[PDB]
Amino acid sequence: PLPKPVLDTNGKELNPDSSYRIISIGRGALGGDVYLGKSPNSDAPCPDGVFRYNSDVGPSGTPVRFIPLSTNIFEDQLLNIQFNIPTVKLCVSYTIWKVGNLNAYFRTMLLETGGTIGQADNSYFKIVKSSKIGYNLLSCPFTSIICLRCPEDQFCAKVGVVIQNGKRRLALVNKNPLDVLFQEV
């Protein structure tokens, strides 16, 4: 390869200082965009959970920006994600996407906000062409730990959805990842 850029919904390359909604390929009740929601069982003072609505015949997603290593947004390269919105003074920190501690009930890690930019921690994701249609999100937590004999020595897993309190919570999964697209604003 060369590095392959990630594309808008219209075809335009992704711009580090434009904001996009993550939208789902599914049409119907089988669809709904990514948004920032309050976690049913969080003790954070801010909304800190990454969900997606139950149907696309409702609100639009919360817009996000992407922050690559540098300098453009390519497929298959570590990058931060961050909801791009106004927030109360108390919540400015709870917008940068992050993957949380192991959750025993779901047997996986959930996506939340409260991460950090440009640090080898739990805030690094990847975009990749899906297998069905479009793109998938990947989570590469623990970049700062050698994954033995793994591609580029890194742990990576597919982003998908679990049902937490009847809402759709984004989480690391094994089957059925969330196929998505990126609609500029």
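One-based numbering along the sequence shown.
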property	result
7-15 set against 162-170, stretch whose average Cα temperature factor tops the other in the entry	7-15
Comparing 64-72 with 46-54, the one whose average Cα B-factor in the PDB entry is higher	64-72
Largest Cα B-factor, entry values, listed residues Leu90, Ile96, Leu110, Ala104	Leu90
B-factor third for the C-alpha atom of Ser131 within its chain	highest
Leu178 by Cα B-factor - lowest, middle or highest third of the modelled chain	lowest
Chain-relative CA temperature factor third for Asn41	middle
Modelled-residue ranking by C-alpha temperature factor, third containing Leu30	middle
Lowest, middle or highest third - CA B-factor, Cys150	highest
